[PDB]
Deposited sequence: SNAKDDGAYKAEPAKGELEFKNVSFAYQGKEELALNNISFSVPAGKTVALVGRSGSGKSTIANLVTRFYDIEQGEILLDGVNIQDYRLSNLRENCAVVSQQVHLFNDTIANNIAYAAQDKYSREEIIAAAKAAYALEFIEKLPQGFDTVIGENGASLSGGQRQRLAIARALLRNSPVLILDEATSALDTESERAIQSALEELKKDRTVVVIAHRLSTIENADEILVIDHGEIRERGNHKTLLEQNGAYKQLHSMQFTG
């Protein structure tokens, strides 16, 4: 599995899927069928589509959660399978509700290459988490409880963003859920998304409407491609999903 010996320190962040097909183990039918798209370094691409579309499979493949046998996924023009897995994962950070927190200090949860307290604070500030952390009796040295359940969900999402900002990965995979601090998160995500390549499993209207490109995934294929304005003009699948607020 971890056969690759090549590394990018850091990668510029250019992504490309070229003729990618994928089927789950034990299934003949394809989950993804001849997927091709390119994301220039520093751009944001929102994957939208109904549940079951395969949009999440596309995102999962970027970090080799599973490998393909047909087509290629390239990072800076090199097949992702050719990179040392640890380096691929260092270059491509994931943010999802599945962010693992654990009993330890807030600082250590953010730091989970060593970073200084200064660097950790800067990451929390950019993530709109500094204000709630510093008001706490012990600040960054506060020990979280119940492996993260002591914090609110909005607080947990911002720690996940801080953790991502600290690593400063050139590629970000953001999985949006279909919040009391929602405004703060949107600003935090706008900071996280700046100067890096972002692939979003998207549900927020603000994320989608501001993406450089939107790919509408439908039964394992790309049905429509454009941005919010060009896709609305088409009066097709994007426009309909948008009307229903990406709740499909």
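Counting the deposited sequence from 1, the stretches lacking C-alpha coordinates are 1 to 3, 116 to 118, 185 to 188.
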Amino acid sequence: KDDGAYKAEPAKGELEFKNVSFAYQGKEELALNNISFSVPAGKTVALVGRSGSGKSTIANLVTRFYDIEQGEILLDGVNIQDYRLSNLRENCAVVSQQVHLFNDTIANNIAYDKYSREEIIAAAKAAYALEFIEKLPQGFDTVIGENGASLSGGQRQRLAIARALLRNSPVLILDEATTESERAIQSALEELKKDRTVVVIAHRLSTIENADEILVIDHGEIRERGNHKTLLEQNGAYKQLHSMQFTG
From here on, numbers count along this sequence of modelled residues.
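Just going by the entry, 42 to 50 versus 190 to 198 on mean CA temperature factor gives the higher value to 190 to 198. Per the PDB record, of the two stretches 201 to 209 and 180 to 188, 180 to 188 carries the greater mean B-factor over its C-alpha atoms. Note on the listed residues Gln157, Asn79, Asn147, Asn109: the highest Cα temperature factor in the record is that of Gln157. As recorded in the PDB entry, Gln25 shows the highest C-alpha B-factor of the residues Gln25, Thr230, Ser21, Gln240. Ranked by Cα temperature factor within the chain, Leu75 sits in the lowest third according to the deposited record. For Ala8, the recorded CA temperature factor ranks within the middle third of the chain's modelled residues. Sort the chain's modelled residues by C-alpha temperature factor and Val143 lands in the middle third, per the entry. In the PDB entry, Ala93 places in the middle third of its chain by CA B-factor. When the CA B factors of the chain's modelled residues are split into thirds, the value for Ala124 lands in the middle one.
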